[PDB]
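K.L.:
First, the structure itself, so that you have it in front of you.
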Amino acid sequence: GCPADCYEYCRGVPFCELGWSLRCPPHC
Amino acid sequence: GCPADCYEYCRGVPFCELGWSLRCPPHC
Amino acid sequence: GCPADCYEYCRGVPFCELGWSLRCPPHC
Amino acid sequence: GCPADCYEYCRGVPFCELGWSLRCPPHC
Amino acid sequence: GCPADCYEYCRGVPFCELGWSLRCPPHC
Amino acid sequence: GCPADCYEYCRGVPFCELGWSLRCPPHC
Amino acid sequence: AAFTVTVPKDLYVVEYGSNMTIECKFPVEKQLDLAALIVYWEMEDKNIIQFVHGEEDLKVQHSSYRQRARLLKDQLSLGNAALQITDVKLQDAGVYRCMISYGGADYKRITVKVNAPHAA
Amino acid sequence: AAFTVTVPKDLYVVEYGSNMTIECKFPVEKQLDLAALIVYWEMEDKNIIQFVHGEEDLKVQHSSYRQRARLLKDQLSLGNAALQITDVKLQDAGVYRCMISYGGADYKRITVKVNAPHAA
Amino acid sequence: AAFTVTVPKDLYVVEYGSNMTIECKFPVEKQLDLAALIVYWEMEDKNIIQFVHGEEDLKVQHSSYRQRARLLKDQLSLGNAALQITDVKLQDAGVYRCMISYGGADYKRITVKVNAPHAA
Amino acid sequence: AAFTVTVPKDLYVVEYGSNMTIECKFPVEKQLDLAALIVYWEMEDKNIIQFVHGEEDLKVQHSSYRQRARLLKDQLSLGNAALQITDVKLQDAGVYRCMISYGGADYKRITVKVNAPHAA
Amino acid sequence: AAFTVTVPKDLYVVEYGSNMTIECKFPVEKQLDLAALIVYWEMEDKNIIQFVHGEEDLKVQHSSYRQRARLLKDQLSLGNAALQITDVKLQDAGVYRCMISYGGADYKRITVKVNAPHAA
Amino acid sequence: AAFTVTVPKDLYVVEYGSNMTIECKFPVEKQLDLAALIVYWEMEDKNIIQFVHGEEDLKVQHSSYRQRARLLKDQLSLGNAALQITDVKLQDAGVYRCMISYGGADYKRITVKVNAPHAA
Ligand SMILES: [Ca+2]
Ligand SMILES: [Ca+2]
Ligand SMILES: [Ca+2]
Ligand SMILES: [Ca+2]
Ligand SMILES: [Ca+2]
Ligand SMILES: [Ca+2]
Ligand SMILES: [Cl-]
Ligand SMILES: [Cl-]
Ligand SMILES: [Cl-]
Ligand SMILES: [Cl-]
Ligand SMILES: [Cl-]
Ligand SMILES: [Cl-]
């Protein structure tokens with residue numbers, strides 16, 4: 001499904017939602 | 001200084017503000 | 001299926017039956 | 001001249017007689 | 001043997017005598 | 001300025017005066 | 001795989017007055033959602049292509065590329081954002097950038113060098 | 001120049017049980033504003049390094065890299081986000097990604113292959 | 001050395017409508033025994049060149065290459081099986097294979113990409 | 001695609017006395033028919049590996065490689081004919097050849113250079 | 001840095017009858033002292049360019065290159081000793097050498113291969 | 001061929017505390033006239049090897065390389081001026097230069113990068 005703490009992981013960076021993070025994909 | 005129409009150029013894309021556009025630099 | 005004249009094409013060379021020819025594959 | 005056991009070495013493969021084997025050259 | 005005008009060609013440069021010139025080899 | 005023993009270092013080779021030596025530059 | 005933009009070739013040496021196609025590739029799973037595709041081509045501080053909503057927007061295209069630069073639409077469905085520039089001049093030498101937004105976003109740089117013309 | 005992240009080497013072949021340093025470079029003009037630097041290292045779907053606000057945050061670090069992965073802080077002022085991983089195993093083979101946010105943002109991929117161990 | 005076929009270049013990017021020469025080299029000691037030389041050129045599932053017994057056999061040449069493809073005979077004595085194709089089109093893009101039998105046998109692959117034409 | 005043998009790396013520079021793994025890859029569709037796989041490794045005029053009928057045959061293995069060379073069987077199902085050689089010496093420098101027969105047949109060359117040892 | 005001559009490209013494959021520009025770069029700090037610059041271009045045992053004292057000296061130029069070879073003077077101030085040769089023939093294939101004396105001296109080799117012409 | 005010095009590899013990435021051999025090759029026709037051979041190795045502004053008249057002259061060797069750098073004499077007859085440096089440290093990173101005089105003279109640059117040590 002989706003790992004935990006992706007909110008803290010992604011809220012400050014564009015890495016997620018740009019398709020750069022496999023840990024937190026854009027639509028997990 | 002700054003070219004015209006950078007607002008239309010950048011408002012829909014992350015290209016500017018990520019340092020990718022030389023036409024519309026992040027702080028022009 | 002299989003192209004014509006593959007017999008003349010392959011009987012003198014190892015190119016077919018070694019998997020080198022796409023025109024005359026080993027088992028066409 | 002020619003090493004021993006090249007017959008067992010080559011009879012099952014095209015490696016010799018195609019010039020691929022230096023141990024058992026095509027005409028040793 | 002040796003081409004003509006190698007003296008004018010080489011007297012001002014280290015290209016000859018360093019083995020760099022095929023036109024005027026070091027010992028032509 | 002200039003290191004010592006550059007005279008012994010350079011008098012027999014074209015390495016200096018051709019810009020190849022950083023230890024003994026052409027005009028140190 | 002992560003969303004990545006790739007270039008098969010990042011250094012072009014073209015002759016003066018010729019035509020060149022610099023290529024840039026992005027991932028297209030299944031079919032292509034043209035509405036979501038945004039392609040920007042720009043070299044130095046000048047825009048060349050602003051492909052939004054399925055069409056090229058000329059609002060910010062540098063005047064040097066009027067009727068000289070083209071983005072082949074039919075290749076976009078193959079994941080190919082190939083840029084064509086015809087009758088290249090010495091002013092066309094520099095670093096091009098290819099910025100693509102399709103779900104994710106990425107970009108790559110391409111360097112173009114233009115040779116001087118050969119005399120009569 | 002545009003904000004770009006670059007890798008001097010995008011394919012590492014390392015021996016089983018050895019230590020490797022995969023490097024990733026970002027532009028540092030003048031001095032380094034450490035507060036604005038964010039560095040993420042992750043391979044496959046596991047985070048390795050989450051460097052935010054001048055320190056490594058272990059909240060999401062995959063347990064495989066506990067006391068095994070390190071980001072050399074002192075090299076960050078040189079624009080070097082070099083990742084060290086010690087005692088690499090076969091599970092360490094895959095595609096790493098290096099995501100850096102410092103004013104702008106960019107990322108590059110690095111492929112690591114790990115050889116099988118040699119027997120006694 | 002073992003009998004090997006080599007290609008000086010394994011990736012060609014050619015412009016639409018141009019002429020290309022893709023090269024393929026094989027070892028020629030002493031003089032050339034033309035009777036023993038067999039050269040096959042084929043791309044995808046179509047034959048291009050069937051050079052047997054010192055001549056090109058058109059029996060299986062794909063009709064697309066009629067009066068369009070040529071194998072320079074005079075270069076064979078230098079160990080050069082160079083293939084010429086004129087007026088290349090988009091259908092000419094793909095993987096070519098160069099199969100040579102001269103005492104031994106070997107083959108190599110070559111990839112050709114053809115750019116789209118530039119408009120008026 | 002045609003049956004081809006490929007090498008990810010065709011030039012290895014190894015230190016004296018170390019262990020090296022030179023790799024060689026062949027296509028494995030579906031599962032692996034081990035009975036049909038034949039793998040030969042040889043450098044210069046000496047055989048190193050004769051893998052026939054699922055086992056290594058030592059009949060023609062050069063004595064230098066007794067308990068020194070190994071072909072990892074478990075990687076064959078992945079299409080990897082990786083050769084391991086331990087405690088390499090200066091006599092191990094030369095051109096290796098990797099000949100694989102699995103339905104079709106092909107081979108590639110690999111060059112290994114061994115550095116001189118460093119003194120005390 | 002030490003005085004070095006560099007070539008951006010050391011292997012050119014040109015078509016028969018075309019024009020080529022092989023490039024060669026040398027360091028130019030500050031402005032250019034044209035009086036101190038000496039540039040020699042030669043392939044095989046024939047001189048092509050003898051640029052001394054700000055002009056090309058034709059005394060030793062091989063007759064094949066009369067009105068066919070040119071050294072762009074205006075690019076010398078940028079550290080570019082670019083050589084142009086027009087209407088290249090098969091006799092133009094070989095190894096070129098670029099020898100530059102400007103304070104120091106260095107040289108590099110460039111290999112040019114010329115394809116055979118395509119028939120009608 | 002003209003007298004040229006060549007390097008098989010112009011970029012070395014070595015681990016902290018390891019031993020490296022950077023190689024440099026020069027032409028040796030027939031036998032080797034040792035009396036005429038001069039080999040200089042230096043990185044940055046420090047000399048490493050001054051090989052004149054068949055022996056290494058320590059007069060100008062930088063003290064960092066005392067009992068740490070070595071030029072293998074026995075490989076000189078093969079045209080190999082290979083430099084060995086043991087227990088490399090971070091101060092060993094930089095550009096090395098290999099200057100050889102044997103009839104003619106030439107030189108090439110080599111870049112060495114040294115990784116930071118891995119902690120306990
Ligand atoms: Ca959460
Ligand atoms: Ca505006
Ligand atoms: Ca038939
Ligand atoms: Ca026998
Ligand atoms: Ca004279
Ligand atoms: Ca002195
Ligand atoms: Cl969650
Ligand atoms: Cl504005
Ligand atoms: Cl049939
Ligand atoms: Cl026998
Ligand atoms: Cl004379
Ligand atoms: Cl002094």
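Residue numbering restarts at 1 for every chain of the structure tokens, chains are lettered A, B, ... in their displayed order, and ligands are numbered from 1 as they appear.
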Could I get the residue neighbourhood of ligand 1 at 10 Å, counting only C-alpha atoms and all ligand atoms, as a list in words?
P.N.:
residues 2, 3, 4, 5, 6, 7, 8, 9 and 10 of chain A
K.L.:
Give me, as a list in words, all polymer residues having an atom no more than 12 Å from residue 18 of chain D, counting only C-alpha atoms and skipping those fewer than 5 positions away in the same chain.
P.N.:
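Once the nearby chain positions are removed, what remains is residues 13, 14, 15 and 18 of chain C; 10, 13, 24, 25, 26 and 27 of chain D; 2, 3, 4, 5, 100, 101, 102, 103, 104, 105, 106 and 107 of chain I; 99, 105, 106 and 107 of chain J.
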K.L.:
DSSP says strand (DSSP E) for which residues of segment 58-108 of chain K? Put them as a list in words?
P.N.:
residues 69, 70, 71, 83, 84, 85, 94, 95, 96, 97, 98, 99, 100, 101, 102, 104, 105, 106, 107 and 108 of chain K
K.L.:
Just write the chosen residues, N, CA, C and O atoms, as a compact mmCIF listing (two decimals), in the first residue's frame.
P.N.:
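For reference, again_8.txt as written:
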# COMPACT_ATOMS: atom_id res chain seq x y z
N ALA K 69 42.40 23.67 -48.08
CA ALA K 69 42.56 23.66 -46.63
C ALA K 69 42.68 25.09 -46.12
O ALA K 69 43.26 25.96 -46.78
N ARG K 70 42.14 25.33 -44.93
CA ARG K 70 42.07 26.67 -44.38
C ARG K 70 42.09 26.58 -42.86
O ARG K 70 41.48 25.69 -42.27
N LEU K 71 42.81 27.52 -42.23
CA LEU K 71 42.84 27.65 -40.78
C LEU K 71 42.15 28.97 -40.43
O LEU K 71 42.65 30.05 -40.76
N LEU K 83 40.80 23.26 -38.24
CA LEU K 83 41.22 23.05 -39.62
C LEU K 83 40.03 22.65 -40.48
O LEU K 83 39.31 21.71 -40.14
N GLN K 84 39.83 23.37 -41.58
CA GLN K 84 38.79 23.06 -42.55
C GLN K 84 39.41 22.46 -43.80
O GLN K 84 40.41 22.99 -44.31
N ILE K 85 38.84 21.37 -44.28
CA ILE K 85 39.23 20.77 -45.55
C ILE K 85 37.97 20.47 -46.34
O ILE K 85 37.06 19.79 -45.85
N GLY K 94 43.61 9.11 -42.96
CA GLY K 94 44.87 8.87 -42.29
C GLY K 94 44.86 9.55 -40.93
O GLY K 94 43.82 9.94 -40.42
N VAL K 95 46.06 9.68 -40.36
CA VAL K 95 46.23 10.32 -39.07
C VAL K 95 46.75 11.73 -39.28
O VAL K 95 47.83 11.93 -39.86
N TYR K 96 45.98 12.71 -38.82
CA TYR K 96 46.39 14.10 -38.76
C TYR K 96 47.05 14.38 -37.42
O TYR K 96 46.78 13.71 -36.43
N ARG K 97 47.95 15.36 -37.41
CA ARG K 97 48.59 15.80 -36.18
C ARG K 97 48.51 17.31 -36.08
O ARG K 97 48.68 18.02 -37.08
N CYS K 98 48.26 17.79 -34.87
CA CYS K 98 48.04 19.20 -34.59
C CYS K 98 49.10 19.65 -33.60
O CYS K 98 49.03 19.29 -32.41
N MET K 99 50.08 20.41 -34.07
CA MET K 99 51.22 20.84 -33.27
C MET K 99 51.12 22.35 -33.05
O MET K 99 51.13 23.11 -34.02
N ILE K 100 51.07 22.76 -31.79
CA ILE K 100 50.85 24.16 -31.44
C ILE K 100 51.96 24.61 -30.50
O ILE K 100 52.25 23.93 -29.51
N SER K 101 52.57 25.75 -30.81
CA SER K 101 53.58 26.38 -29.97
C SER K 101 53.09 27.77 -29.61
O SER K 101 52.97 28.64 -30.48
N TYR K 102 52.77 27.97 -28.32
CA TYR K 102 52.33 29.27 -27.81
C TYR K 102 52.79 29.33 -26.35
O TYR K 102 52.06 28.94 -25.44
N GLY K 104 54.40 27.40 -24.43
CA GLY K 104 54.80 26.01 -24.43
C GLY K 104 54.51 25.35 -25.76
O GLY K 104 54.25 26.02 -26.77
N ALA K 105 54.54 24.03 -25.76
CA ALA K 105 54.27 23.28 -26.99
C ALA K 105 53.67 21.93 -26.63
O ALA K 105 54.03 21.33 -25.62
N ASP K 106 52.74 21.48 -27.47
CA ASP K 106 52.14 20.16 -27.32
C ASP K 106 51.51 19.79 -28.65
O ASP K 106 51.44 20.60 -29.58
N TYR K 107 51.05 18.54 -28.74
CA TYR K 107 50.40 18.08 -29.96
C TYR K 107 49.51 16.89 -29.65
O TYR K 107 49.72 16.18 -28.66
N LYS K 108 48.52 16.68 -30.51
CA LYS K 108 47.60 15.56 -30.42
C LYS K 108 47.36 14.99 -31.81
O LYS K 108 47.54 15.67 -32.82
K.L.:
Go ahead and align chain C to chain F (same sequence, so just pair every C-alpha in order, least squares) and export the moved chain as a CSV table (one decimal) with N, CA and C atoms, in the first residue's frame.
P.N.:
chain,number,residue,atom,x,y,z
C,1,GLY,N,58.1,31.2,-5.0
C,1,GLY,CA,59.0,31.7,-6.0
C,1,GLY,C,59.4,30.6,-7.0
C,2,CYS,N,60.5,29.9,-6.7
C,2,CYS,CA,61.0,28.8,-7.5
C,2,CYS,C,61.8,27.8,-6.6
C,3,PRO,N,61.5,26.5,-6.9
C,3,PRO,CA,62.2,25.5,-6.1
C,3,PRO,C,63.6,25.4,-6.4
C,4,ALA,N,64.4,24.7,-5.5
C,4,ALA,CA,65.8,24.5,-5.8
C,4,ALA,C,66.0,23.4,-6.7
C,5,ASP,N,67.2,23.3,-7.3
C,5,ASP,CA,67.6,22.2,-8.2
C,5,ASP,C,66.8,22.1,-9.5
C,6,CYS,N,66.1,23.2,-9.9
C,6,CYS,CA,65.5,23.2,-11.1
C,6,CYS,C,66.4,23.2,-12.3
C,7,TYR,N,67.7,23.7,-12.1
C,7,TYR,CA,68.7,23.7,-13.1
C,7,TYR,C,69.0,22.2,-13.5
C,8,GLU,N,69.4,21.4,-12.5
C,8,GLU,CA,69.6,20.0,-12.8
C,8,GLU,C,68.4,19.3,-13.3
C,9,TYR,N,67.2,19.8,-12.8
C,9,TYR,CA,66.0,19.2,-13.2
C,9,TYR,C,65.6,19.4,-14.7
C,10,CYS,N,66.0,20.6,-15.3
C,10,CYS,CA,65.5,21.0,-16.6
C,10,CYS,C,66.6,21.0,-17.6
C,11,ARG,N,67.8,21.1,-17.3
C,11,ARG,CA,68.9,21.3,-18.3
C,11,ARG,C,69.0,20.2,-19.3
C,12,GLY,N,68.6,19.0,-19.0
C,12,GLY,CA,68.7,17.9,-19.9
C,12,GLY,C,67.4,17.4,-20.6
C,13,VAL,N,66.3,18.1,-20.3
C,13,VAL,CA,65.0,17.7,-20.9
C,13,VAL,C,64.2,18.9,-21.4
C,14,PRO,N,63.4,18.7,-22.4
C,14,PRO,CA,62.5,19.8,-22.8
C,14,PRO,C,61.2,19.9,-22.0
C,15,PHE,N,61.1,19.2,-20.9
C,15,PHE,CA,59.8,19.2,-20.1
C,15,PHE,C,59.5,20.6,-19.6
C,16,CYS,N,60.5,21.2,-18.9
C,16,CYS,CA,60.4,22.6,-18.6
C,16,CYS,C,60.6,23.4,-19.9
C,17,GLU,N,60.2,24.6,-19.9
C,17,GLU,CA,60.3,25.6,-21.0
C,17,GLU,C,59.3,25.2,-22.2
C,18,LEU,N,58.7,24.0,-22.1
C,18,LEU,CA,57.6,23.6,-22.9
C,18,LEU,C,56.3,23.7,-22.1
C,19,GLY,N,56.3,24.1,-20.8
C,19,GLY,CA,55.2,24.2,-20.0
C,19,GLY,C,54.7,22.9,-19.4
C,20,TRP,N,55.5,21.9,-19.4
C,20,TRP,CA,55.0,20.6,-18.9
C,20,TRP,C,55.3,20.4,-17.4
C,21,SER,N,56.2,21.1,-16.8
C,21,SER,CA,56.5,20.9,-15.4
C,21,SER,C,55.9,22.0,-14.6
C,22,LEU,N,55.1,21.6,-13.6
C,22,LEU,CA,54.6,22.6,-12.6
C,22,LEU,C,55.6,22.8,-11.5
C,23,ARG,N,56.5,21.8,-11.3
C,23,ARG,CA,57.5,22.1,-10.3
C,23,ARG,C,58.5,23.2,-10.7
C,24,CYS,N,58.9,23.2,-11.9
C,24,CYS,CA,59.8,24.2,-12.5
C,24,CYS,C,59.1,24.9,-13.7
C,25,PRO,N,58.2,25.8,-13.4
C,25,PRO,CA,57.5,26.5,-14.5
C,25,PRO,C,58.4,27.2,-15.5
C,26,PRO,N,58.0,27.5,-16.7
C,26,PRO,CA,58.9,28.2,-17.6
C,26,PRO,C,59.6,29.5,-17.1
C,27,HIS,N,58.8,30.3,-16.4
C,27,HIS,CA,59.3,31.6,-15.8
C,27,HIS,C,58.9,31.6,-14.4
C,28,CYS,N,59.7,30.9,-13.5
C,28,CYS,CA,59.4,30.9,-12.1
C,28,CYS,C,60.0,32.0,-11.3
K.L.:
Could you list, as a compact mmCIF listing (two decimals) with N, CA and C atoms, in the first residue's frame, every residue within 12 Å of residue 68 of chain H, counting only C-alpha atoms and ignoring same-chain residues fewer than 3 positions away?
P.N.:
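Saved to out_9.txt:
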# COMPACT_ATOMS: atom_id res chain seq x y z
N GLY H 17 30.88 -7.80 0.30
CA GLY H 17 31.46 -7.53 1.60
C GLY H 17 32.37 -6.33 1.67
N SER H 18 32.55 -5.59 0.58
CA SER H 18 33.44 -4.44 0.57
C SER H 18 32.69 -3.17 0.96
N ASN H 19 33.39 -2.05 0.93
CA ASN H 19 32.82 -0.74 1.21
C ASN H 19 32.87 0.10 -0.06
N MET H 20 31.80 0.85 -0.31
CA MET H 20 31.71 1.66 -1.52
C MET H 20 31.28 3.08 -1.17
N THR H 21 31.73 4.02 -2.01
CA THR H 21 31.32 5.41 -1.92
C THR H 21 30.78 5.83 -3.28
N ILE H 48 17.55 5.64 2.54
CA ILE H 48 18.87 5.43 3.12
C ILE H 48 19.32 6.65 3.93
N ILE H 49 19.19 7.84 3.36
CA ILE H 49 19.59 9.09 4.01
C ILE H 49 18.48 10.11 3.84
N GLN H 61 14.76 5.82 7.88
CA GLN H 61 15.88 5.04 7.37
C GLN H 61 15.57 3.56 7.47
N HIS H 62 15.77 2.84 6.37
CA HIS H 62 15.55 1.40 6.37
C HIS H 62 16.52 0.73 7.33
N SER H 63 16.01 -0.25 8.08
CA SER H 63 16.79 -0.86 9.16
C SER H 63 18.05 -1.55 8.66
N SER H 64 18.10 -1.92 7.38
CA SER H 64 19.31 -2.55 6.84
C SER H 64 20.51 -1.63 6.93
N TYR H 65 20.29 -0.32 6.90
CA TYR H 65 21.36 0.66 6.86
C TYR H 65 21.67 1.27 8.22
N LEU H 71 26.45 9.78 5.40
CA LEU H 71 26.61 10.90 4.48
C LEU H 71 27.64 11.85 5.09
N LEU H 83 27.74 9.27 -0.62
CA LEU H 83 27.13 8.27 0.25
C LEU H 83 28.09 7.10 0.44
N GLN H 84 28.34 6.75 1.70
CA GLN H 84 29.17 5.60 2.05
C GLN H 84 28.28 4.48 2.57
N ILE H 85 28.51 3.26 2.08
CA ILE H 85 27.84 2.07 2.58
C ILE H 85 28.90 1.00 2.80
N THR H 86 28.95 0.46 4.01
CA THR H 86 29.97 -0.52 4.38
C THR H 86 29.38 -1.92 4.41
N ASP H 87 30.24 -2.91 4.19
CA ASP H 87 29.88 -4.33 4.23
C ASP H 87 28.67 -4.61 3.34
N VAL H 88 28.81 -4.23 2.06
CA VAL H 88 27.72 -4.38 1.11
C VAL H 88 27.42 -5.86 0.90
N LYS H 89 26.14 -6.18 0.76
CA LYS H 89 25.68 -7.54 0.50
C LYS H 89 24.92 -7.56 -0.82
N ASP H 92 22.09 -5.19 -1.58
CA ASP H 92 22.41 -3.80 -1.87
C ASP H 92 22.48 -3.50 -3.36
N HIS L 118 36.32 5.01 5.28
CA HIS L 118 35.09 4.53 5.90
C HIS L 118 35.32 4.33 7.40
N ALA L 119 34.37 4.81 8.20
CA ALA L 119 34.55 4.77 9.65
C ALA L 119 34.35 3.34 10.18
N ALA L 120 34.63 3.17 11.47
CA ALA L 120 34.53 1.85 12.10
C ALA L 120 33.09 1.35 12.12
K.L.:
What does the distance between atom CA of residue 75 of chain G and atom CA of residue 29 of chain G come to in Å, to one decimal place?
P.N.:
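Straight-line distance from atom CA of residue 75 of chain G to atom CA of residue 29 of chain G works out to 14.2 Å.
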K.L.:
How many Å lie between atom CA of residue 117 of chain I and atom CA of residue 44 of chain G, rounded to one decimal?
P.N.:
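A separation of 26.0 Å between them.
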K.L.:
Going by DSSP on the backbone, which residues of chain B come out as helix (DSSP H, G or I)? List them as a list in words.
P.N.:
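DSSP-assigned helix (DSSP H, G or I) residues in chain B: residues 6, 7, 8, 9 and 10 of chain B.
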K.L.:
One decimal, Å: what's the distance from atom CA of residue 109 of chain I over to atom CA of residue 12 of chain K, could you say?
P.N.:
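That distance, rounded to one decimal, is 21.5 Å.
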K.L.:
Show me, as a compact mmCIF listing (two decimals) with N, CA, C and O atoms, in the first residue's frame, the residues that have an atom within 12 Å of residue 74 of chain G when counting only C-alpha atoms, minus same-chain residues fewer than 3 positions from it.
P.N.:
# COMPACT_ATOMS: atom_id res chain seq x y z
N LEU G 32 -1.26 7.57 -24.47
CA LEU G 32 -0.76 8.89 -24.11
C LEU G 32 -1.92 9.82 -23.77
O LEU G 32 -2.82 10.01 -24.59
N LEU G 34 -2.66 13.19 -23.79
CA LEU G 34 -2.09 14.41 -24.36
C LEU G 34 -2.40 15.64 -23.52
O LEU G 34 -1.60 16.58 -23.47
N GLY G 54 -1.73 20.11 -25.77
CA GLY G 54 -1.74 19.50 -27.08
C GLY G 54 -1.34 20.40 -28.23
O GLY G 54 -1.39 19.95 -29.39
N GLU G 55 -0.94 21.64 -27.98
CA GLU G 55 -0.53 22.55 -29.04
C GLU G 55 0.68 23.36 -28.61
O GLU G 55 0.95 23.52 -27.41
N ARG G 70 10.38 23.15 -34.60
CA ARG G 70 9.18 22.34 -34.66
C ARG G 70 9.31 21.16 -33.71
O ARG G 70 10.39 20.58 -33.57
N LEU G 71 8.21 20.83 -33.03
CA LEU G 71 8.13 19.66 -32.17
C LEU G 71 7.17 18.67 -32.82
O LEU G 71 5.97 18.95 -32.92
N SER G 77 3.44 10.28 -28.75
CA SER G 77 2.80 9.05 -28.28
C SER G 77 3.81 7.93 -28.07
O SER G 77 3.52 6.98 -27.34
N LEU G 78 4.99 8.02 -28.68
CA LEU G 78 6.06 7.06 -28.47
C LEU G 78 7.01 7.47 -27.35
O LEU G 78 8.02 6.79 -27.13
N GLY G 79 6.70 8.54 -26.63
CA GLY G 79 7.61 9.05 -25.62
C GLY G 79 8.79 9.81 -26.17
O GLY G 79 9.82 9.91 -25.50
N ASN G 80 8.66 10.36 -27.38
CA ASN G 80 9.74 11.09 -28.04
C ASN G 80 9.36 12.56 -28.16
O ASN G 80 8.47 12.92 -28.94
N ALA G 81 10.04 13.41 -27.40
CA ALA G 81 9.96 14.86 -27.56
C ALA G 81 11.17 15.30 -28.37
O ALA G 81 12.14 15.85 -27.85
N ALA G 82 11.12 15.03 -29.68
CA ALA G 82 12.21 15.38 -30.58
C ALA G 82 12.02 16.79 -31.10
O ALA G 82 10.93 17.15 -31.58
N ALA I 116 13.17 11.75 -38.50
CA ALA I 116 12.05 12.18 -39.31
C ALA I 116 12.50 13.31 -40.25
O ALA I 116 13.42 14.07 -39.92
